[PDB]
4 protein chains.
Amino acid sequence: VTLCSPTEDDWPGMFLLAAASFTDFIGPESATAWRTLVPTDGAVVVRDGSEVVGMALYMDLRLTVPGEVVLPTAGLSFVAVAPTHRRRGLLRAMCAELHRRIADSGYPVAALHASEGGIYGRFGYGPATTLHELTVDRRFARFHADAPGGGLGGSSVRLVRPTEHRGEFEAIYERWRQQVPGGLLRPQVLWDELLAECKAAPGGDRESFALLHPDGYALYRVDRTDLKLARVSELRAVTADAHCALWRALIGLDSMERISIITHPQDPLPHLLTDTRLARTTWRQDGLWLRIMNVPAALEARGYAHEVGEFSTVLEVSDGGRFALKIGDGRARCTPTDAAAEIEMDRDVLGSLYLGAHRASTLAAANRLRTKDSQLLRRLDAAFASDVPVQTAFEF
Amino acid sequence: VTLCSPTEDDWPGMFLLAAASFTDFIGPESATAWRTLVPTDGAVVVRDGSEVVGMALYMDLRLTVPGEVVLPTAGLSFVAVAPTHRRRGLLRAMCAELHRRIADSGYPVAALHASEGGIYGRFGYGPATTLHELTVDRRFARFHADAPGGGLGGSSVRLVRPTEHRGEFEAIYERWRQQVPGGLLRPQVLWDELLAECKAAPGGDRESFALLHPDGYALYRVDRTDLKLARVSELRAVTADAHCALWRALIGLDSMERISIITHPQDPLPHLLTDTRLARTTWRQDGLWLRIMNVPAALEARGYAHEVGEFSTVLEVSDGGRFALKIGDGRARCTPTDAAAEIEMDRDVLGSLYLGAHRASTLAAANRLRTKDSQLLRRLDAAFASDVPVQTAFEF
Amino acid sequence: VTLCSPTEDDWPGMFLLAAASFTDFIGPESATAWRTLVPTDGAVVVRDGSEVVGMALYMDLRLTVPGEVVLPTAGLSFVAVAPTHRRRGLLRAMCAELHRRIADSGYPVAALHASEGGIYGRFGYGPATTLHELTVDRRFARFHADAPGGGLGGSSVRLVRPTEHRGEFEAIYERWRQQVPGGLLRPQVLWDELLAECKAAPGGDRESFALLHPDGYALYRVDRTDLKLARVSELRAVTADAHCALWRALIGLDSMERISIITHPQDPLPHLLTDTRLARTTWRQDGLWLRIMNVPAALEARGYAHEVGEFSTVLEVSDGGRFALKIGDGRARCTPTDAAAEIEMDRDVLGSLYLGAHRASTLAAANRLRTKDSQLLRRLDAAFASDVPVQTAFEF
Amino acid sequence: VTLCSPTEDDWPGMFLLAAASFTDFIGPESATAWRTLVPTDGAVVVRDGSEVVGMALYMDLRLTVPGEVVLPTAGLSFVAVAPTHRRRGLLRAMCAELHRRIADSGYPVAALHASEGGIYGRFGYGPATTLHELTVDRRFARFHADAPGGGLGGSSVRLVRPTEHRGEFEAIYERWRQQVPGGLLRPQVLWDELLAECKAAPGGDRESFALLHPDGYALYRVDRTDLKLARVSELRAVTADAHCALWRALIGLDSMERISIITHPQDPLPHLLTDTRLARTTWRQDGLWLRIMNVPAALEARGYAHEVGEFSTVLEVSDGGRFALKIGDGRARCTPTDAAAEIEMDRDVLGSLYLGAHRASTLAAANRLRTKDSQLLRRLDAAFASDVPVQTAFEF
Ligand SMILES: CC(C)(COP(=O)(O)OP(=O)(O)OC[C@H]1O[C@@H](n2cnc3c(N)ncnc32)[C@H](O)[C@@H]1OP(=O)(O)O)[C@@H](O)C(=O)NCCC(=O)NCCS
Ligand SMILES: CC(C)(COP(=O)(O)OP(=O)(O)OC[C@H]1O[C@@H](n2cnc3c(N)ncnc32)[C@H](O)[C@@H]1OP(=O)(O)O)[C@@H](O)C(=O)NCCC(=O)NCCS
Ligand SMILES: CC(C)(COP(=O)(O)OP(=O)(O)OC[C@H]1O[C@@H](n2cnc3c(N)ncnc32)[C@H](O)[C@@H]1OP(=O)(O)O)[C@@H](O)C(=O)NCCC(=O)NCCS
Ligand SMILES: CC(C)(COP(=O)(O)OP(=O)(O)OC[C@H]1O[C@@H](n2cnc3c(N)ncnc32)[C@H](O)[C@@H]1OP(=O)(O)O)[C@@H](O)C(=O)NCCC(=O)NCCS
């Protein structure tokens, strides 16, 4: 068993492993497009002795974090070990090598979407965003008297074919992704792929439509089996006005009984309605997971809440160093120290804290972050909160 | 149609209306026990011309709010209008009269549990707690290396019959309710009623068991139809250690596939496990709803976050007054003013903010709270947050 | 194997057979009450050699037929053959004997409710009423501007406990049963039994309520398993105004999503609504079945439509005689003849025609009634129609 | 917002709206074929200011009504308003304009199939046919001794490929449509479309087969998901013999458990079987809806029942005129009058009465048709009945 970077001749064997490991496998043509985002030396394979029995890679991404700061981010993906070679340490070996390459290349953070919740904690990944599915019975939905844009006159929203309005979707998305933590840059090849998914499929998915506003859009399609359900695949709103107008239009889809969307826990949609209960939470799951590769670089890059007064502490990350951390005026300085730790946590826990999706106080109640100072805990909680709620961009 | 306080002769007609309006109607014997909590003049009925066609009442409660402050609280309940007399304004009339009585009696807040989400917003009630059902497939559940109490030696938890340990449940609950916002005092009659529900029912509910720790307890029973599901009706933990020990024991219920509980969004349970995803959010709903009866009294009673620096603003509640509000050092002072409002909201919105379950920033994105100052919004968000996560006590 | 009238010592063996043959077996106490309606010599049993292996009986009923005419009617019931003695001709033997007794006793018609649709056709029973279940999603239901009783002021309907209003239900029902074909007299013992079913059952059925109008009533209860479904067990309306008022009240049952009732195909309910489609036909089945025992007596007893001009024909019933039939001015005269038949049908077919539930033209298209004269067919169709739609009274 | 007839450049925008409004949208190629039936000026669009936000059209049809009379009929279809422009009166505007065009063009009636039951009543459309789904468990089905064509010798029915027998289907259908009320002429383009649906679809519908008799045919296919269900899409029988022979053959489909068909309430199928209950009514719904455009023209065109003696009345249609109506010898004469009305009804109600699907007595019990004369009501009921049961042709 050898571990190395794949040559062009390894890729058919990788695509086989992928087809056999991922039911949603996008196929060799789409995989070849995503492949443009994998840098030289961004992939590893394990060969038996010959054939590929393990693989893993990362893609070059740009991730927005609190304070509208954009970080270069290694997006781990296409990770698989053949059923014939599992529980033999191949994943451990591949992850160790890629993390070494990622850290040496100067990425401050790595990220992934997890096939199961039990795999990546041990490799230092913590779930950093939360997927929150809302399902609205639009037959009962009425907008609150307070909701923006209720009066007479035309709508600002147009029903359009997605493929005819690429330029506009690109520009709205680019605005959205820079202002929301969790935002990812979407390169040209991924827009190529996205807009190709919009067509009706040979007995597969039904046609996708779009609702377009100057400051937001929604892409949606009728569910394949539940013909009275419209599934919104993506709703990107730069303003509260755009968000409300788009929901007014979606709730106007008279042929549907239900509209669903995978969104974030702070989606204001329920508060737009006279009956908040009509926007039902029907599913909840971890979205993006984060591994902080360089503790000081990541902590100094992010913005912090201005409300909390300046404070100083000593943070130990379990195998990631001990640091004097000073947070004041929305900024952190994070320097080496051998002073006694006041806060201790595993690396995965820092990842969970990093985009504001999980409170330090909650992690502390589970003993995942240890301190004896309850005031310090309150201060950390407040500082690490994100003013702009964290959202999930696209799966990779 | 006359509206007045019921005489002893009206109660059989009220119990009829109740039986016909509430499928979960507790029955006349149990209703007669809850009745001990309804003060003189705490009930209204509407009679046709004669028979009761409408009813509503409130119970005297004690509710814990952020800062461990306990407020006298009017708990609205038993609200119904006969199917023969609906959409005729009887609810409006009954609510107007009870609110007048409640305000005059000196209650700063009223509260209820809503049969539907669309009814009470217009009467100034905002949803103030969130019910969050977690379901754990205990066959896969493993505790994290960090989780408290993993080593050898006896458990601190005992499997007991609930009815044999009333005194201990009472004392743990009394500790719990004083320290958690959302906490309600549970009078003797409600413990009488609770412990009577513990017995196996003639073809009804299965026997209830209890898991008892010095600092917490869990009451649970096997689901009537899904024999591999244990439903936890109530888990009251005063310490993180008690919470973890109780979950260790529940997850040890080898005969079960699944354990479910209706809990709060910040329950640390998922973080206790090696796979956070195993604690699945299977249902979400508004719990307790709040109507702030006296704006200055309520705002001055609550504690605020210490992290936010002192600030002053002018808050207008839509039909509830305009106030100079100064928040500093964890405390608010809230005085009459005719100065220009900086923040405006309907009364229901203040109720939603009051226990920290909903962020001002989220309500603002839906235009339910209006300000032009984004800094002020951040400050309000931080100040109104509850350090101790809000929980739901018992339904009434 | 002997066939005779049961002695008092046979009844425990009959009740055993019944318990084993009917899942809905009402039990020995209720069966003993219905037993008061069985005349002397109204029952037969077959004994092996000793124990009862077959039984059948009839009850003395009064049935309303078109023209508001009431006929003495033998209601066959409690018919069963032990699983150990089936397909041996016991049913044939028992039916032959009871029919002989029924005919000799002077009943012009016999009736039953069928456990399956394939049994009784061969014994001369035709399905004579149609059960039609309507289910209304009351959340969407709005009454048409034309529907009676929409304005302001009190309702004429009261929500009551059934057991406290026996006298009123009895009097309304007695009016209803005399004016509707399919109507049956309900003796005191059956009101005793009915009103005993109204109580909540030990883990069984939920409590029954009643909606009472001076000219109609509805009895209903929440479904045992679907807690948002109200099932109307019986709605007896003497006027269109009573029918509408009762439906207004039922549709006011705010706690329910759905209201269902087993009714007749001409129930005007759907036409009361702005969306007729909301009253969904969810089940359809034969109700009452009729065997005409004496052809001339039955045909002369009934009223016929006045619209059709006088006409004369010759009707042959397959093993039931040939008759000169003259119908004019709403009345028939039906005398023996050996003239050539113009219309031929089996006895069961006449039963199906008799209350107006099935058209002669429809039976003729299936060759169940044979004539060569299409004008005669049209005339028969018109004459046999019932001006008042046929309804189903109660099961026996 | 402008309302006018579409130009050739509007049609891509209409097809977009259609795709977004109708899940069953037949597609641009099929829509372009149906388009041949839309006359010049038969369509309207509403444009924002530019893009289509509303559309509606009618097709030129021929509808058979009682008495085998064929009426030119405007078939409304392709009606939609964009989700961004709803509840703004666009439907009202479009319907007003098309009705003006339809009335001026000299059509006595308009017709449609309704997406929901609550839309068209207000525009004067009443449901005029009833869809009645029967499902037969063919494993138990046995034909009655009376049913036509039971003896030995070959069947008159052949199992064929639909596309190889177009000429024969056309001729049988043309006979059927002229003799049944509800019948519609099926132009060549619709046979083109129909026979193209017969092929197996790329993962879609399974292959369609046909059963062919000289006087009738049935088209059917196995259900896509329930492989033991055969769904009959269309059964057109000119004789009772053809109807029975076709059902004998369908019930011979040994590979199937169930056969279903959407048929009419008077389908004689159940009476063909020894157990009528085996032909289960599994769904019921309004089919064709009618708006009578010219009251006197429509009432004089139809045939009436000969059985009812000559009578004269005065009928007021709510915004449709008042008429002296004389019906005798199967014919009506309907002339202007200002004499006092004896019968009053909204226009939609007349549409419901017109093909004999609904009884005047039933509409009257719901107060949808008002008279004080119960004899007059009986006479109207009898006169408006259709001797040949009304059927539904094809959806448009
Ligand atoms: C997940 C997967 C890559 C693991 O590969 P592997 O070579 O068998 O893993 P390793 O042998 O290196 O195991 C490393 C550790 O992770 C653990 N582990 C691996 N997969 C796990 C999972 N699904 N859940 C919980 N633990 C897991 C092992 O128990 C082991 O623990 P240990 O160090 O205490 O002994 C593999 O099962 C696979 O290809 N799955 C199918 C596709 C997939 O889901 N890939 C991941 C996409 S995000
Ligand atoms: C909810 C209930 C008490 C309402 O009584 P009512 O007398 O018909 O209400 P009113 O006539 O006074 O209506 C007042 C307003 O509330 C609205 N309203 C009442 N119930 C509502 C509901 N279920 N959802 C949304 N709006 C509702 C009315 O539309 C009306 O609005 P308007 O002021 O704009 O006209 C009644 O339907 C009932 O008894 N329900 C069954 C039992 C129940 O659920 N009770 C509540 C327990 S929390
Ligand atoms: C229905 C029941 C009474 C029949 O008794 P039985 O003694 O086996 O019937 P017989 O032997 O006299 O059969 C007489 C004819 O009826 C037919 N038959 C009996 N039950 C039938 C049924 N369920 N469906 C169709 N045909 C049936 C027999 O095939 C026979 O036909 P044949 O004359 O061509 O040979 C019996 O099966 C029974 O007790 N069922 C359970 C309870 C029940 O449903 N009772 C009827 C309440 S309405
Ligand atoms: C049905 C549809 C065409 C209505 O368009 P619209 O422009 O919003 O309707 P309007 O604004 O002109 O409303 C006219 C009236 O009809 C009512 N109405 C419209 N659709 C209705 C429906 N689905 N159910 C009940 N009432 C409806 C409105 O409430 C309004 O009533 P009012 O006069 O008392 O105010 C639209 O919702 C639509 O495109 N639906 C999707 C496709 C479809 O089903 N089309 C119909 C095919 S038969």
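Reckoned from all heavy atoms, side chains included, excluding hydrogens, waters and symmetry mates. Within every chain, numbering begins at 1; the chains are lettered A, B, ... in the order of the sequence lines, protein sequences first and strands thereafter.
Atom CZ of C/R166 sits in a crowded spot, with more than 12 heavy atoms from other residues, nucleotides or ligands closer than 6.0 Å.
Between C/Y58 and C/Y107, the ring-plane angle classifies as perpendicular under the 30° and 60° cut-offs.
Residues B/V81 and B/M94 have side chains in contact (heavy-atom distance under 4.5 Å, counting atoms from C-beta outward). Taking 4.5 Å as the limit, some side-chain heavy atom of C/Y125 sits within range of a side-chain heavy atom of C/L76. Side chains of B/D48 and B/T84 form no contact here, defined as non-hydrogen atoms less than 4.5 Å apart. The closest side-chain heavy-atom distance from C/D275 to C/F140 is not below 4.5 Å. Taking the side chain as every heavy atom from C-beta outward, C/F169 and C/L212 approach each other to under 4.5 Å. In this structure the side chain of B/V45 never reaches within 4.5 angstrom of the side chain of B/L17, judged on heavy atoms. Residues C/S260 and C/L229 meet the side-chain proximity criterion, which asks for heavy atoms closer than 4.5 Å. B/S77 places none of its side-chain heavy atoms less than 4.5 Å from the side chain of B/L112.
Closest of all the heavy-atom pairs between C/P268 and C/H243 is CG-NE2, 3.7 Å. Considering every non-hydrogen atom in both B/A80 and B/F22, the closest pair reads CB-CZ, 3.9 Å. The two atoms that bring C/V180 and C/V388 nearest to each other are CA-CG1, 4.3 Å, heavy atoms only. Contact record, C/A33 with C/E193: CB-OE2, 3.6 Å, taken as the closest heavy-atom pair. Minimum heavy-atom separation, C/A141 to C/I251: CB-CG2, 3.8 Å.
A donor and an acceptor atom, one from each side chain of C/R62 and C/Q178, are nowhere located under 3.5 Å apart. Side chains of C/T135 and C/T282: a donor-acceptor N/O pair is present below 3.5 angstrom, by distance only. With no hydrogens or angles considered, a side-chain donor-acceptor pair links D/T281 and D/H132 at under 3.5 Å.
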- Step by step, work out the side chain to side chain contact (heavy atoms under 4.5 Å, CB included) result for C/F396 and C/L190. CA-CA 10 Å; C/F396 61 84; C/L190 301 189; over 6 Å; no
- Query: Which is it for C/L194 and C/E234 under the side chain to side chain contact (heavy atoms under 4.5 Å, CB included) test, yes or no, and what are the steps along the way?
  - Reply: CA-CA 11 Å; C/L194 182 69; C/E234 170 168 349; 4.0 Å; yes
- Please step through salt bridge (charged side-chain N to carboxylate O under 4.0 Å, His left out) for the pair C/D254 and C/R138, ending with a clear verdict. CA-CA 8 Å; C/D254 287 308; C/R138 61 144 300 274; 3.2 Å; yes
- Query: Given C/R277 and C/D137, is the salt bridge (charged side-chain N to carboxylate O under 4.0 Å, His left out) satisfied, shown in steps?
  - Reply: CA-CA 10 Å; C/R277 204 136 114 182; C/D137 192 323; over 6 Å; no
- Query: Step by step, would you call B/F78 with B/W34 a ring pair (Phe, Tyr, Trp, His ring centres under 6.0 Å)?
  - Reply: CA-CA 11 Å; B/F78 224 59; B/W34 284 84; over 10 Å; no
- Message: Checking C/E133 against C/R231 for the salt bridge (charged side-chain N to carboxylate O under 4.0 Å, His left out) test, could you report, in this order, the C-alpha distance in whole Å, the side-chain angles of both residues, the deciding distance, and whether it holds?
- Response: CA-CA 10 Å; C/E133 185 183 63; C/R231 290 209 185 268; 3.5 Å; yes
- Task: Please assess C/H144 against C/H271 for the test side chain to side chain contact (heavy atoms under 4.5 Å, CB included), listing each intermediate value before the final yes or no.
- Result: CA-CA 8 Å; C/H144 195 102; C/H271 301 294; over 6 Å; no
- Message: For a side chain to side chain contact (heavy atoms under 4.5 Å, CB included) check, start with the C-alpha distance between C/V157 and C/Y217, then their side-chain angles and the critical distance, and finish with the verdict.
- Response: CA-CA 9 Å; C/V157 183; C/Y217 66 84; over 6 Å; no
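Looking only at distances, a side-chain donor or acceptor of D/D381 sits under 3.5 Å from a matching main-chain atom of D/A360. Side-chain N or O atoms of C/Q266 include none that pairs as donor or acceptor with a backbone N or O of D/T362 at under 3.5 Å. Between the side chain of C/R236 and the main chain of C/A393, a donor-acceptor pair closer than 3.5 Å is present. Side-chain atoms of B/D10 come within 3.5 Å of backbone N or O of B/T7 as a donor-acceptor pair. Looking only at distances, a side-chain donor or acceptor of C/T64 sits under 3.5 Å from a matching main-chain atom of C/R177. Between the C/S155 side chain and the B/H85 main chain, no donor and acceptor come within less than 3.5 Å of each other. Between the side chain of C/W191 and the main chain of C/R186, a donor-acceptor pair closer than 3.5 Å is present. Distance alone, capped at 3.5 Å, is enough to place a donor-acceptor pair between the C/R302 side chain and the C/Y354 backbone. For C/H358 (side chain) and C/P127 (main-chain N/O), a donor-acceptor pair under 3.5 Å exists by modelled atom type. At least one donor-acceptor pair closer than 3.5 Å links the side chain of C/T73 to the backbone N or O of C/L71.
Using a 4.0 Å cut-off between a side-chain N of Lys or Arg and a carboxylate O of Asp or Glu, C/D215 and C/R175 qualify as a salt bridge. Salt-bridge check for C/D226 with C/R258: passed, with a basic side-chain N closer than 4.0 Å to an acidic carboxylate O.
When the salt bridge (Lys or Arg N to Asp or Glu O under 4.0 Å) test is applied to B/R224, the partners found at least two apart in sequence or on another chain are B/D205.
Figure legend: C/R248 and C/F143 shown as a cation-pi pair, the cationic atom lying under 6.0 angstrom from the six-membered ring centre and within 45 degrees of its axis.
How far CE of C/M59 is from CG of C/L57: 6.5 Å, rounded to the nearest 0.5 Å.
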